[PDB]
Each structure stands twice: as C-alpha cells, then as structure tokens.
C-alpha cells in the first residue's frame, strides 16, 4: 500500500523516490529530520511527508511550514504521545505510534482515538505487536524488518489477518520494489 523511504543522505532518497514513482507506486512516504529535505521530496513527487522530530516546538514549526507549502499528507512519528496530540491539534494528517512495549502502545492508541485522531499508524519490527494494534483498531501498520524474506512473510500474515493498509519502511529499494509487487 505504502512504501516509506528512510535514507538520511538527501542524494540517495531523491533517486529512490524517482525509481519507485516510475514503477507505478501510488503512495510514497519519506521520513527525515530536515523539513528542507522533506520539501524537495515533495517537489519530486513524494505523496506523504513524515516529520521525525523530538522537540515539540521544532516539530510544530516544520508541520506548519509543510502545510503552508500545500503538503496534503503530513505524518508525525514520536515515542511521546503528548507530542502526537499537539501535532493533531495543528492538523497533522497521520499519527505514527512508535513504542517498544505492547501495553504502552495500546495505551497511546486509545488516547489518540478518543481525542479525535482519524489516521493512526503503528510501527515496529515485532509483528506480534502489529497484530495487537490491528485488533485494537490502528489504521495503518508499518512493517520494519531487516531482510526481505521476513518482510514478505509479515505482510502476507497481516493481510491474512485482515489488514487493509500496510506500509513497509526500508533503506533498500530492491526491498521496497519487492513489497509493491507483493
């Protein structure tokens, strides 16, 4: 469904973006520390922009900026649910819960739901956690695996369990190209 490019070297990301768009990928996302890097990813045809910041007001600044440029889909990722709430208050389209422990994850999801979050995403390399997030009701599931074999295995299973929007994040366009075909 969604292919997330994560390569800090601005040179390479631009290449990956150009390749995947050529291969008929409808939804492409980019995650970065620099809204400036995010800016050109959009100019080159990046569907989704994922702000990955720590300081709340630094994040608030980048979101507003990216909104001003007319970025339609902006996502925020952080471990602290309070930051995600603040992002939601400012019109963040997608909220990405990134927690290690399952009970902390499920706690943060429900909170954001209640506060009116419409697109909640969950990321983790443990597909045991992703499965529970699906039962709970998380909208988007982001698979983060080291090798392709394990990544395709998780997608199929999650598909089997009824996931409808599955995102895959990697540094390896061959891997992402594999995800799209599947």
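Numbering follows the first chain given and starts at 1.
J.: Mean CA temperature factor from the deposited coordinates, higher in 144 to 152 or in 114 to 122?
T.: It is 144 to 152.
J.: Averaging the C-alpha B factors as listed in the entry, name the stretch that ends up higher: 64 to 72 or 51 to 59.
T.: That would be 51 to 59.
J.: Compared with the other modelled residues in the chain, in which third is the CA B-factor of residue 94?
T.: For residue 94, the deposited C-alpha B-factor lands in the lowest third.
J.: For residue 88, return the chain-relative third of its C-alpha B-factor as stated in the PDB record: lowest, middle or highest.
T.: Its C-alpha B-factor, which the entry lists for residue 88, ranks in the middle third among residues of this chain.
J.: Ranking the modelled residues of this chain by C-alpha B-factor as given in the entry, is residue 7 in the lowest, middle or highest third?
T.: Highest third.
J.: Report the third (lowest, middle or highest) to which the CA temperature factor of residue 102 belongs, ranking only the modelled residues of the same chain.
T.: According to the entry, residue 102 has a C-alpha B-factor in the chain's highest third.
J.: Taking the C-alpha B-factors as the PDB entry records them, is residue 166 in the lowest, middle or highest third of its chain?
T.: For residue 166, the deposited C-alpha B-factor lands in the lowest third.
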